[PDB]
Amino acid sequence: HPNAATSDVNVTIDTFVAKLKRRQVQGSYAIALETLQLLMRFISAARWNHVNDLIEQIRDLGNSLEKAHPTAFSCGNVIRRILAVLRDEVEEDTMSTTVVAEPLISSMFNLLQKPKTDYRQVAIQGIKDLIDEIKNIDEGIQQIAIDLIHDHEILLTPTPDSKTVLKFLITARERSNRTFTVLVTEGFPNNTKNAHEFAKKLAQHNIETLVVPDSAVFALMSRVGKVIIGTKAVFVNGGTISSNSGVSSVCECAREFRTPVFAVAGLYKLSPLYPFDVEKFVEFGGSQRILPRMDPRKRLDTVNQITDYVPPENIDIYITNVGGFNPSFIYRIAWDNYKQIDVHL
Amino acid sequence: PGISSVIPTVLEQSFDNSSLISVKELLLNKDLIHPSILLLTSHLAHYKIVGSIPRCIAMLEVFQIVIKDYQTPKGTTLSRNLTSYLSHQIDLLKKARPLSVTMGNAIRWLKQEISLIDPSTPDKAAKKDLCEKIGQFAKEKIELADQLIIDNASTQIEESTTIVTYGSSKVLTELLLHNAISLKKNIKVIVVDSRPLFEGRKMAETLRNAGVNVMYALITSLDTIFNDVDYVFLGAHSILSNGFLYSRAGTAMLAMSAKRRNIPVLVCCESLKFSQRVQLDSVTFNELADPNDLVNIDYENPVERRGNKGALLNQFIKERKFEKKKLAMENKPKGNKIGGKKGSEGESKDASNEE
Amino acid sequence: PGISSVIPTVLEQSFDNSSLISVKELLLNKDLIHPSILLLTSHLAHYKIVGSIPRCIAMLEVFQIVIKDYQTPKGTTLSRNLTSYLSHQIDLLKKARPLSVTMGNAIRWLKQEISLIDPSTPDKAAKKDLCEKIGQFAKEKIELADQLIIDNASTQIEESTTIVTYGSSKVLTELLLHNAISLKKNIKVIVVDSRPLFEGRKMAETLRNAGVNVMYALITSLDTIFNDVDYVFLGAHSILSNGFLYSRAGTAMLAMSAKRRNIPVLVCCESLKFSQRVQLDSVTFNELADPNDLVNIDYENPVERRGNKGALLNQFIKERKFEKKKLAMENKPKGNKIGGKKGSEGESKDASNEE
């Protein structure tokens, strides 16, 4: 499906693509917001007449968006959620149009056995709901989050790039009765400035801050109590894509020492697609930032990557706005938000 | 008399036992000190090249030079204030940069030598023989040992190799160079760099100066570098009486990673680096430096950017501390290349009682 | 309300997540409190027999009794102050000793029931059907559930088995009895007991009263009896929504041992015991008791002896703190037999949505 049908009806798709390609848009939340806006635009302006055809068109659009940018998972996720929202309503409608038993909320045997309305308003409302959800995640985490950390315990923080994780930390630090020491790993080629900023923020907040280089993780590990990840995207089996550099090794170390590994992200970051390959989804950075000169650097081929992938075996906890979950359970949460056919587009 | 007190930045809450302060710019000292020691101290304080192996050699050279320059006073004997002078030198060294195990060993050897020849012999005959003896010793326990190690390595390396390396250890550089030049095998060298000292960069430069296929990586980028790659080599500082690897910064993590991803690690060491001092953690005694090393924002050493950070004393409750010497786990390294060809790290002090 | 604050023993530097003390001796009580609650509180304060399962049943019985004794007033309606009374009772219970998830669930159910029946129906007719309903509920989620558990155990447990148990969980005792008398099998039941509580001892006694071969075990001597042991059941209290068993005393150690030595661990549980609240360590929410239980020499519970121990504030800083409930791990207990027949501990709250 090309962009021959959408030219004067919807123009913003091109702009979105541009934003994606040259990285004019920054932060997954912003991307999600943009996607939502696009969806709204599509809804308010276009014509349908039929429902299945419309659904197909939407699917095609989603596919196109995916093809334009693979590292934007939030965009995909939101679309999927919207589709799911549509689908249930459609199903409900069909039952009235025609004019059923189930053990649970969803059945497996229903796939094997042979099975005008104001749905537009409902669809519109769905988008609003999604927006609302996106707006506040930290408020639904803090009631569970500020129960784990105790007095005279030491925290270790890889990935300070995420905006949620910092907030979570701050909320914990607010409490007068609670006291903890913070060890911060830097992350050289991608996270350094961000890490520094985080450290500064911590200092401002009036907490004991310890800036640790990437090599000095091993010596302090006898004192380390907990591990927190600043992840960017959550998946099916448990595996997560983290917000750039210095996460994997630390996680491995934690696993070795049997240190508890926590993860805070959100369900809008959660994807119903499987991460079958690390090479396909993870994007690599820039060689120019590491070392100067060009003519001798033809011989010196430098390897540097943005995003990081951590196996589900190391991570045990996934606290979101709804509640505390596991990597062995999060799949069901995704299913509760994205339907069966909506996985493949 | 020297200089005392006045230390920059916060003292922190944890890890406070060893010296981390001191003379960087000289102001008022005793008018009897030979300047070569001072110069050496100045160098060591702001060094970016040395790593365990060459320092001791340099020290030995300095000592030899001193001996050559040494003149016996007309009144007092050859050893009367010499010991005092030595003590002063030691104190200066400690003030500048804490003494290593090799350095301690050297000092011990010197002391032994001093005891051996009693004050009775003339000036020009004694030191003639002393300097030659010391040279001979140097030839024996260091260079020859290194050569032996190299040769051992040569036979140990098979066909088709892909190696990940770390450090400014001279022996490793020699090894890699040898591989490149005289062996003519299918060698691939991958380099890991560290923040406190640009050792990896130096290694890379050296490789380039020979003409080797080089991949360049860091401590963070390790999850993608494996995805074919087999051997892992590290540079050791000293092995204790316990058997644990008491070495430089980013080694232990690398070793752990190697262990996780199937293939074990091999480490090289000399037959003099062994110590009788007992410790099992980095907290006991550690090389701690001024937080001036962790100021520059990436790229290169001399850049100086007015970005986000540039304050330590004015900041309320902020601890910016880094460690240089680490204690790696015992079971993780399998191969140790010493004076006795090949052996396990669990031997610990088999050469210490042998002397 | 009664008595508040003013208690012996220090707040302690280590472990202070929950409040440590409460009424034990009755003085100045409100003239509206039902005596059965008071008696229960008196019992719980110094109990040896009950643990999680029977307690809830007892509570339910008490509630039923209260309902039977309750009649609708002329002025105030049936749903006017009952809820307040319930709240007060809950507060009293909490003051006495921290409560379980089952009790909370029961309370919730009661609240729901209160909402369900509208204040318009005849009063005599209302409570008649209420008490019947409650009885039915009790039969279903306890007795029937127990039966189900027993049946599950039956199909899984082989001919002639050795079972190692801890605590005083009633369900396990019932199971053992069933194994003994009704089915007739060769059983070797090893029961482990700790210092402050004689639950294991009680279990052993009960077994003896039926006619079973029992081995009495202790925390100090564990490894001697394992090295032979095929099947291990733990005293369950509550399963969290992560996959961790919040259970009584040194069960975690036992689980660890089991993991180390061949065989996996088994856990029998009720369908209503499950909690949506989440925690991953023993430090999170600790259940505490007075250090007065560990003062005397053991043998029996009431002794009153003069010896050496008997100082908490008299001597130079003496802290004698202990924990009643600990955390058992995730991967080690795999087996779970519930009201929904089959499932694992990795399946944390799949039954919670199904109800």
# chains A, B, ... in the order shown; residues from 1 in each chain; ligands from 1
call {"tool": "interface_residues", "arguments": {"of": "chain B", "to": "chain A", "cutoff": "6 Å", "atoms": "only C-alpha atoms", "output": "VMD selection string"}}
result
chain B and resid 214 to 217 220 249 to 250 299 318 to 320
call {"tool": "write_last_selection", "arguments": {"atoms": "C-alpha atoms", "output": "PDB file, in the first residue's frame"}}
result
ATOM      1  CA  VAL B 214      42.347  -3.566  15.151  1.00  0.00           C
ATOM      2  CA  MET B 215      38.851  -3.352  16.624  1.00  0.00           C
ATOM      3  CA  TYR B 216      38.462  -0.723  19.365  1.00  0.00           C
ATOM      4  CA  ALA B 217      35.913  -1.024  22.194  1.00  0.00           C
ATOM      5  CA  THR B 220      30.301  -0.748  28.334  1.00  0.00           C
ATOM      6  CA  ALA B 249      41.058  -1.370  37.056  1.00  0.00           C
ATOM      7  CA  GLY B 250      38.867  -2.987  34.346  1.00  0.00           C
ATOM      8  CA  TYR B 299      37.109  12.485  23.112  1.00  0.00           C
ATOM      9  CA  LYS B 318      28.750  15.145  46.585  1.00  0.00           C
ATOM     10  CA  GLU B 319      31.261  12.273  46.520  1.00  0.00           C
ATOM     11  CA  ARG B 320      33.194  11.741  43.270  1.00  0.00           C
TER      12      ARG B 320
END
call {"tool": "calpha_fit_and_write", "arguments": {"fixed": "chain B", "moving": "chain C", "output": "short mmCIF file (atom, residue, chain, number, x, y, z; two decimals) with C-alpha atoms, in the first residue's frame"}}
result
data_model
loop_
_atom_site.label_atom_id
_atom_site.label_comp_id
_atom_site.auth_asym_id
_atom_site.auth_seq_id
_atom_site.Cartn_x
_atom_site.Cartn_y
_atom_site.Cartn_z
CA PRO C 1 60.79 18.18 54.15
CA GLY C 2 58.43 20.10 51.82
CA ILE C 3 54.63 20.40 51.94
CA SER C 4 52.17 18.44 54.11
CA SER C 5 48.35 18.44 54.59
CA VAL C 6 45.80 21.07 53.36
CA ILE C 7 43.97 19.42 50.44
CA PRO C 8 40.60 19.88 48.61
CA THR C 9 37.71 17.31 48.53
CA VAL C 10 35.99 15.62 51.50
CA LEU C 11 37.15 12.48 53.39
CA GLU C 12 34.02 10.59 52.12
CA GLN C 13 31.64 8.31 54.06
CA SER C 14 32.19 5.35 51.71
CA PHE C 15 35.73 3.99 51.05
CA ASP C 16 38.37 5.62 53.30
CA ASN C 17 40.97 2.85 53.82
CA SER C 18 43.90 4.82 52.33
CA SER C 19 44.98 8.49 52.44
CA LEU C 20 43.74 10.67 49.56
CA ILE C 21 45.30 13.95 48.36
CA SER C 22 51.42 15.56 48.20
CA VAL C 23 53.82 17.64 46.08
CA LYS C 24 53.12 18.32 42.39
CA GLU C 25 54.43 21.87 41.87
CA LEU C 26 57.98 22.35 43.20
CA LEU C 27 58.45 25.00 45.91
CA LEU C 28 61.10 24.99 48.70
CA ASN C 29 63.02 21.72 48.23
CA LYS C 30 65.99 20.29 50.19
CA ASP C 31 69.46 20.94 48.74
CA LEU C 32 70.48 17.24 48.61
CA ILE C 33 67.70 15.58 46.56
CA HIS C 34 68.73 14.04 43.22
CA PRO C 35 66.77 15.63 40.29
CA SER C 36 66.00 12.29 38.63
CA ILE C 37 63.78 11.26 41.56
CA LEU C 38 61.95 14.60 41.34
CA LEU C 39 61.45 14.23 37.60
CA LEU C 40 60.12 10.69 38.11
CA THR C 41 57.67 11.96 40.72
CA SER C 42 56.52 14.70 38.34
CA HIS C 43 55.97 12.07 35.64
CA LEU C 44 54.08 9.57 37.84
CA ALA C 45 51.76 12.31 39.13
CA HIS C 46 50.34 12.66 35.58
CA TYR C 47 51.38 9.51 33.66
CA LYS C 48 49.56 7.72 30.81
CA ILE C 49 52.02 5.09 29.51
CA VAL C 50 53.63 3.07 32.35
CA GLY C 51 52.06 0.37 34.56
CA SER C 52 53.80 -1.85 37.18
CA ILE C 53 56.53 -3.41 34.96
CA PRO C 54 58.33 -0.42 33.34
CA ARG C 55 58.01 1.70 36.52
CA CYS C 56 60.16 -0.70 38.50
CA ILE C 57 62.78 -0.76 35.72
CA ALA C 58 62.82 3.05 35.70
CA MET C 59 63.26 3.10 39.48
CA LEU C 60 66.16 0.65 39.20
CA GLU C 61 67.79 2.82 36.53
CA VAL C 62 67.40 5.88 38.77
CA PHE C 63 69.00 4.00 41.66
CA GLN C 64 71.91 2.96 39.43
CA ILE C 65 72.39 6.57 38.34
CA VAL C 66 72.40 7.68 41.99
CA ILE C 67 75.00 5.02 42.82
CA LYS C 68 77.16 6.20 39.91
CA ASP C 69 76.89 9.79 41.16
CA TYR C 70 77.60 8.68 44.78
CA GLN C 71 81.09 8.68 46.31
CA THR C 72 82.28 7.67 49.81
CA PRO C 73 82.94 10.72 52.09
CA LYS C 74 86.07 11.21 54.24
CA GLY C 75 84.17 11.41 57.55
CA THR C 76 81.12 9.16 57.11
CA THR C 77 81.44 5.57 55.82
CA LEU C 78 79.69 3.94 52.80
CA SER C 79 77.02 2.46 55.10
CA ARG C 80 76.20 5.41 57.38
CA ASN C 81 73.47 7.60 55.82
CA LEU C 82 72.74 5.79 52.51
CA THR C 83 70.01 3.76 54.19
CA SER C 84 68.49 6.95 55.63
CA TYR C 85 68.55 8.53 52.17
CA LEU C 86 66.82 5.47 50.72
CA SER C 87 64.16 5.66 53.43
CA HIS C 88 63.60 9.34 52.66
CA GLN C 89 63.23 8.52 48.96
CA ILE C 90 60.70 5.80 49.80
CA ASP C 91 58.74 8.26 51.94
CA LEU C 92 58.72 10.79 49.10
CA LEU C 93 57.48 8.11 46.69
CA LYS C 94 54.70 7.08 49.05
CA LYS C 95 53.67 10.72 49.48
CA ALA C 96 53.52 11.09 45.70
CA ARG C 97 51.61 7.82 44.91
CA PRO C 98 51.27 4.32 46.56
CA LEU C 99 53.83 1.74 45.37
CA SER C 100 53.92 -1.87 44.10
CA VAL C 101 55.31 -5.15 45.52
CA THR C 102 58.07 -5.34 42.86
CA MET C 103 59.47 -2.01 44.04
CA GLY C 104 59.45 -3.27 47.64
CA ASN C 105 61.26 -6.42 46.58
CA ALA C 106 63.87 -4.33 44.75
CA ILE C 107 64.35 -2.19 47.87
CA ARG C 108 64.81 -5.34 49.97
CA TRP C 109 67.39 -6.64 47.50
CA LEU C 110 69.26 -3.33 47.65
CA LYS C 111 69.26 -3.47 51.45
CA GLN C 112 70.63 -7.02 51.33
CA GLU C 113 73.37 -5.90 48.93
CA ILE C 114 74.27 -3.05 51.30
CA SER C 115 74.75 -5.57 54.12
CA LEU C 116 76.69 -8.05 51.97
CA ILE C 117 79.67 -5.85 51.00
CA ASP C 118 81.71 -4.93 54.10
CA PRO C 119 83.07 -1.34 54.52
CA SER C 120 86.78 -2.19 54.03
CA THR C 121 87.15 -2.74 50.25
CA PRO C 122 88.38 0.11 47.93
CA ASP C 123 85.55 2.53 47.10
CA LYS C 124 86.15 2.77 43.36
CA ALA C 125 86.37 -1.02 43.10
CA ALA C 126 83.20 -1.44 45.21
CA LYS C 127 80.72 0.53 43.04
CA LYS C 128 82.32 -0.81 39.83
CA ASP C 129 81.23 -4.36 40.66
CA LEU C 130 77.99 -3.20 42.36
CA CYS C 131 76.54 -1.53 39.23
CA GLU C 132 77.54 -4.58 37.16
CA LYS C 133 75.78 -6.88 39.62
CA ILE C 134 72.67 -4.73 39.62
CA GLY C 135 72.67 -4.74 35.79
CA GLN C 136 72.97 -8.52 35.81
CA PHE C 137 70.05 -8.74 38.26
CA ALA C 138 67.97 -6.49 36.00
CA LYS C 139 68.79 -8.67 32.99
CA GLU C 140 67.81 -11.81 34.90
CA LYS C 141 64.58 -11.04 36.79
CA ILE C 142 63.15 -8.69 34.11
CA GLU C 143 64.45 -9.13 30.52
CA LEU C 144 65.24 -12.83 30.73
CA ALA C 145 61.99 -13.38 32.63
CA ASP C 146 60.12 -11.51 29.86
CA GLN C 147 61.80 -13.72 27.27
CA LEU C 148 60.78 -16.82 29.23
CA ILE C 149 57.19 -15.56 29.38
CA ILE C 150 57.23 -14.97 25.60
CA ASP C 151 58.50 -18.48 24.99
CA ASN C 152 55.80 -19.93 27.26
CA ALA C 153 53.18 -18.00 25.32
CA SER C 154 54.61 -19.30 22.03
CA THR C 155 54.03 -23.03 22.77
CA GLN C 156 50.51 -22.44 24.09
CA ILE C 157 49.13 -19.93 21.54
CA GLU C 158 47.76 -21.71 18.43
CA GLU C 159 47.97 -20.76 14.72
CA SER C 160 45.77 -17.69 13.93
CA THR C 161 44.40 -16.39 17.26
CA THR C 162 42.06 -13.66 18.55
CA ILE C 163 43.36 -11.94 21.72
CA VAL C 164 41.38 -9.53 23.95
CA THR C 165 43.57 -7.32 26.19
CA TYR C 166 43.24 -4.56 28.83
CA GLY C 167 45.57 -1.86 30.20
CA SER C 168 49.15 -0.98 29.23
CA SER C 169 51.25 -3.90 30.52
CA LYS C 170 54.54 -3.80 28.62
CA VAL C 171 55.02 -7.58 28.55
CA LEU C 172 51.74 -8.12 26.73
CA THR C 173 52.65 -5.42 24.20
CA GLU C 174 56.01 -7.12 23.64
CA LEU C 175 54.24 -10.46 23.13
CA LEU C 176 51.84 -8.97 20.62
CA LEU C 177 54.76 -7.38 18.75
CA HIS C 178 56.54 -10.75 18.67
CA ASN C 179 53.38 -12.37 17.30
CA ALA C 180 53.13 -9.71 14.60
CA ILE C 181 56.70 -9.37 13.25
CA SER C 182 59.05 -12.20 14.34
CA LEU C 183 56.84 -15.32 14.12
CA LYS C 184 54.37 -13.89 11.53
CA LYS C 185 50.80 -14.92 12.47
CA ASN C 186 47.22 -13.76 11.81
CA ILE C 187 46.25 -11.69 14.87
CA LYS C 188 43.06 -9.86 15.84
CA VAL C 189 43.78 -7.73 18.92
CA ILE C 190 40.74 -6.24 20.69
CA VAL C 191 41.79 -3.63 23.27
CA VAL C 192 39.41 -2.19 25.90
CA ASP C 193 39.81 1.31 27.43
CA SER C 194 38.17 3.33 30.26
CA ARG C 195 37.29 7.02 30.91
CA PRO C 196 40.09 8.43 33.15
CA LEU C 197 43.04 6.54 31.59
CA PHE C 198 43.96 6.14 27.91
CA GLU C 199 46.19 3.06 28.31
CA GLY C 200 44.17 0.85 25.96
CA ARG C 201 44.21 3.65 23.38
CA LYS C 202 47.98 3.91 23.70
CA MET C 203 48.34 0.15 23.26
CA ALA C 204 46.17 0.31 20.14
CA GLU C 205 48.32 3.13 18.75
CA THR C 206 51.46 1.11 19.39
CA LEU C 207 49.94 -1.89 17.62
CA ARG C 208 49.04 0.32 14.65
CA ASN C 209 52.63 1.60 14.55
CA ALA C 210 53.64 -2.07 13.96
CA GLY C 211 50.78 -3.04 11.60
CA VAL C 212 48.12 -5.07 13.44
CA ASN C 213 44.31 -5.21 13.02
CA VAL C 214 42.89 -3.56 16.16
CA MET C 215 39.34 -3.23 17.51
CA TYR C 216 38.78 -0.42 20.04
CA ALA C 217 36.44 -1.51 22.85
CA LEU C 218 34.66 0.15 25.81
CA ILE C 219 33.03 -0.78 29.16
CA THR C 220 29.57 0.32 27.92
CA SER C 221 29.79 -2.01 24.90
CA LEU C 222 31.26 -5.36 26.00
CA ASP C 223 28.68 -8.13 25.34
CA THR C 224 28.25 -7.07 21.67
CA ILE C 225 31.79 -8.16 20.67
CA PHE C 226 31.90 -11.50 22.58
CA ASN C 227 28.67 -12.85 21.02
CA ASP C 228 34.02 -15.40 18.28
CA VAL C 229 36.31 -14.57 21.23
CA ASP C 230 38.72 -17.43 22.02
CA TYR C 231 41.60 -16.17 24.20
CA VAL C 232 41.72 -13.39 26.83
CA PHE C 233 44.83 -11.96 28.55
CA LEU C 234 44.58 -9.55 31.52
CA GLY C 235 46.87 -6.69 32.58
CA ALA C 236 48.67 -8.17 35.59
CA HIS C 237 49.99 -6.04 38.47
CA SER C 238 50.38 -8.37 41.51
CA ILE C 239 49.31 -11.89 42.54
CA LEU C 240 48.51 -12.39 46.25
CA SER C 241 49.17 -15.47 48.44
CA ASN C 242 45.47 -16.48 48.31
CA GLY C 243 45.10 -16.75 44.52
CA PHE C 244 43.69 -13.31 43.67
CA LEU C 245 44.93 -10.80 41.08
CA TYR C 246 45.20 -7.22 42.36
CA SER C 247 44.87 -5.52 38.95
CA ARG C 248 43.93 -2.23 37.21
CA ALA C 249 40.30 -1.19 36.53
CA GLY C 250 37.44 -3.30 35.03
CA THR C 251 39.34 -6.55 34.44
CA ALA C 252 37.26 -8.43 37.06
CA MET C 253 34.09 -7.87 35.03
CA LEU C 254 35.84 -9.16 31.91
CA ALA C 255 37.02 -12.23 33.81
CA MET C 256 33.46 -12.85 35.03
CA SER C 257 32.17 -12.57 31.47
CA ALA C 258 34.80 -15.04 30.27
CA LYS C 259 33.80 -17.47 33.02
CA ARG C 260 30.15 -17.15 32.00
CA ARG C 261 30.87 -17.61 28.28
CA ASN C 262 32.87 -20.80 27.57
CA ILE C 263 36.60 -19.94 27.71
CA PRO C 264 38.88 -19.58 30.81
CA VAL C 265 41.10 -16.51 31.45
CA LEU C 266 44.91 -16.34 31.02
CA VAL C 267 47.42 -14.20 32.98
CA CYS C 268 51.12 -13.55 32.22
CA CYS C 269 53.29 -12.64 35.24
CA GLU C 270 56.87 -12.08 36.47
CA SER C 271 58.61 -14.30 39.06
CA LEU C 272 59.23 -11.33 41.40
CA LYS C 273 55.68 -9.87 41.24
CA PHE C 274 54.40 -12.32 43.90
CA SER C 275 53.37 -11.01 47.34
CA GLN C 276 53.24 -12.75 50.74
CA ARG C 277 50.67 -10.17 51.96
CA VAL C 278 47.03 -11.32 51.79
CA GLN C 279 43.68 -9.65 50.91
CA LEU C 280 40.37 -10.88 49.43
CA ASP C 281 38.39 -7.77 48.34
CA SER C 282 38.65 -4.32 46.68
CA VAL C 283 37.81 -2.58 50.00
CA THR C 284 41.05 -3.78 51.74
CA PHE C 285 43.75 -1.59 50.14
CA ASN C 286 42.59 0.88 47.49
CA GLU C 287 44.80 3.04 45.25
CA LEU C 288 43.27 6.52 44.89
CA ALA C 289 43.69 9.56 42.63
CA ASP C 290 42.23 13.10 42.41
CA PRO C 291 38.61 13.46 41.10
CA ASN C 292 39.92 16.28 38.83
CA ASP C 293 40.60 13.80 35.97
CA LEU C 294 36.87 13.11 35.43
CA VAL C 295 35.65 16.76 35.34
CA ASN C 296 36.18 17.56 31.63
CA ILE C 297 34.47 16.13 28.52
CA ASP C 298 36.60 13.26 27.11
CA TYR C 299 38.09 13.29 23.52
CA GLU C 300 41.68 14.16 24.64
CA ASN C 301 43.49 14.55 28.00
CA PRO C 302 44.26 18.31 27.83
CA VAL C 303 41.21 20.33 26.68
CA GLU C 304 40.19 23.08 29.19
CA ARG C 305 36.46 23.53 28.44
CA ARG C 306 33.58 25.60 29.83
CA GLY C 307 30.32 23.64 30.22
CA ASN C 308 28.55 22.36 33.34
CA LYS C 309 30.92 20.21 35.46
CA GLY C 310 33.33 21.82 37.95
CA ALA C 311 31.83 21.59 41.45
CA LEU C 312 33.06 19.52 44.42
CA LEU C 313 32.28 21.78 47.42
CA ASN C 314 30.06 24.45 45.79
CA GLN C 315 26.94 22.30 45.24
CA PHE C 316 24.80 20.60 47.93
CA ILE C 317 26.90 17.49 48.79
CA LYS C 318 28.72 16.18 45.69
CA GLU C 319 31.10 13.20 45.82
CA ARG C 320 32.86 12.08 42.63
CA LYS C 321 35.08 9.20 43.84
CA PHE C 322 36.66 6.42 41.75
CA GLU C 323 39.09 3.49 42.16
CA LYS C 324 42.25 2.80 40.13
CA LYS C 325 43.00 -0.79 41.23
CA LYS C 326 40.42 -3.55 41.80
CA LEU C 327 40.43 -7.26 42.72
CA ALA C 328 40.12 -10.13 40.23
CA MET C 329 38.71 -13.48 41.44
CA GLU C 330 40.39 -16.85 42.20
CA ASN C 331 38.74 -19.64 40.14
CA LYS C 332 38.41 -17.61 36.90
CA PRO C 333 42.10 -16.98 36.04
CA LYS C 334 43.76 -20.42 35.84
CA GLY C 335 46.75 -19.76 33.55
CA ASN C 336 50.04 -18.38 34.89
CA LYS C 337 53.30 -18.12 32.93
CA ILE C 338 56.26 -17.09 35.14
CA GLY C 339 60.06 -17.41 35.58
CA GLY C 340 59.45 -20.95 36.89
CA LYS C 341 57.75 -21.78 33.54
CA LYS C 342 54.39 -23.35 34.54
CA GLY C 343 51.84 -23.07 37.38
CA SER C 344 48.29 -22.06 38.34
CA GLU C 345 46.76 -19.28 40.48
CA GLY C 346 45.58 -21.92 43.00
CA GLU C 347 49.30 -22.55 43.51
CA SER C 348 49.55 -19.27 45.43
CA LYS C 349 53.10 -19.15 46.89
CA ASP C 350 54.87 -22.37 45.81
CA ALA C 351 57.40 -20.24 43.87
CA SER C 352 57.89 -17.92 46.90
CA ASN C 353 59.72 -20.62 48.91
CA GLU C 354 61.75 -21.70 45.84
CA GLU C 355 62.61 -18.03 45.03
#
call {"tool": "atom_distance", "arguments": {"atom1": "atom CA of residue 116 of chain A", "atom2": "atom CA of residue 130 of chain A"}}
result
25.2 Å
call {"tool": "residues_around", "arguments": {"residues": "segment 36-42 of chain A", "least_positions_apart": "6", "cutoff": "10 Å", "atoms": "only C-alpha atoms", "output": "list in words"}}
result
residues 6, 9, 10, 11, 12, 13, 16, 30, 58, 75, 78, 79, 82, 123, 124, 127, 128, 130 and 131 of chain A
call {"tool": "select_by_dssp", "arguments": {"residues": "segment 73-228 of chain C", "states": "strand (DSSP E or B)", "output": "number ranges by chain"}}
result
C: 161-166, 187-193, 213-218
call {"tool": "write_last_selection", "arguments": {"atoms": "N, CA, C and O atoms", "output": "compact mmCIF listing (two decimals), in the first residue's frame"}}
result
# COMPACT_ATOMS: atom_id res chain seq x y z
N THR C 161 6.37 -43.70 51.28
CA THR C 161 7.07 -42.42 51.12
C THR C 161 7.62 -41.84 52.43
O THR C 161 7.04 -42.04 53.50
N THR C 162 8.74 -41.13 52.32
CA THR C 162 9.36 -40.41 53.43
C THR C 162 9.11 -38.91 53.26
O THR C 162 9.51 -38.31 52.26
N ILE C 163 8.43 -38.32 54.25
CA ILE C 163 8.02 -36.91 54.20
C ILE C 163 8.69 -36.11 55.33
O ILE C 163 8.64 -36.51 56.50
N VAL C 164 9.31 -34.99 54.97
CA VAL C 164 9.94 -34.08 55.93
C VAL C 164 9.15 -32.77 56.02
O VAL C 164 9.04 -32.03 55.03
N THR C 165 8.60 -32.49 57.21
CA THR C 165 7.70 -31.34 57.41
C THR C 165 8.17 -30.36 58.50
O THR C 165 8.95 -30.71 59.39
N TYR C 166 7.67 -29.12 58.40
CA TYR C 166 7.97 -28.05 59.36
C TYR C 166 6.71 -27.28 59.76
O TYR C 166 5.82 -27.05 58.93
N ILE C 187 4.73 -44.85 56.19
CA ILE C 187 5.16 -43.45 56.27
C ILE C 187 6.27 -43.25 57.30
O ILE C 187 6.21 -43.80 58.41
N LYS C 188 7.27 -42.46 56.91
CA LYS C 188 8.32 -41.99 57.81
C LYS C 188 8.29 -40.46 57.82
O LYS C 188 8.69 -39.82 56.84
N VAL C 189 7.79 -39.90 58.92
CA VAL C 189 7.54 -38.45 59.01
C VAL C 189 8.57 -37.77 59.91
O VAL C 189 8.50 -37.88 61.14
N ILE C 190 9.51 -37.06 59.29
CA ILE C 190 10.54 -36.31 60.00
C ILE C 190 10.07 -34.87 60.19
O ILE C 190 9.82 -34.15 59.21
N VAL C 191 9.93 -34.46 61.45
CA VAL C 191 9.44 -33.12 61.80
C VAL C 191 10.54 -32.30 62.47
O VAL C 191 11.19 -32.78 63.41
N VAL C 192 10.74 -31.08 61.99
CA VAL C 192 11.78 -30.17 62.50
C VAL C 192 11.15 -29.07 63.36
O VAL C 192 10.09 -28.53 63.02
N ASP C 193 11.81 -28.75 64.48
CA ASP C 193 11.31 -27.75 65.44
C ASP C 193 12.40 -26.78 65.91
O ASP C 193 13.58 -27.15 65.99
N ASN C 213 5.57 -43.53 62.75
CA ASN C 213 7.00 -43.44 63.04
C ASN C 213 7.54 -42.04 62.77
O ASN C 213 7.55 -41.57 61.62
N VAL C 214 7.98 -41.37 63.84
CA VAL C 214 8.38 -39.96 63.79
C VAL C 214 9.83 -39.77 64.23
O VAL C 214 10.26 -40.32 65.25
N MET C 215 10.57 -38.99 63.44
CA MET C 215 11.91 -38.53 63.79
C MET C 215 11.89 -37.04 64.13
O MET C 215 11.46 -36.21 63.31
N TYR C 216 12.33 -36.71 65.34
CA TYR C 216 12.41 -35.32 65.81
C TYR C 216 13.72 -34.69 65.35
O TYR C 216 14.81 -35.22 65.62
N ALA C 217 13.60 -33.58 64.63
CA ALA C 217 14.75 -32.89 64.03
C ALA C 217 14.92 -31.45 64.52
O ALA C 217 13.96 -30.83 65.00
N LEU C 218 16.14 -30.93 64.40
CA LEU C 218 16.49 -29.58 64.84
C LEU C 218 17.29 -28.81 63.78
O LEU C 218 17.80 -29.41 62.83
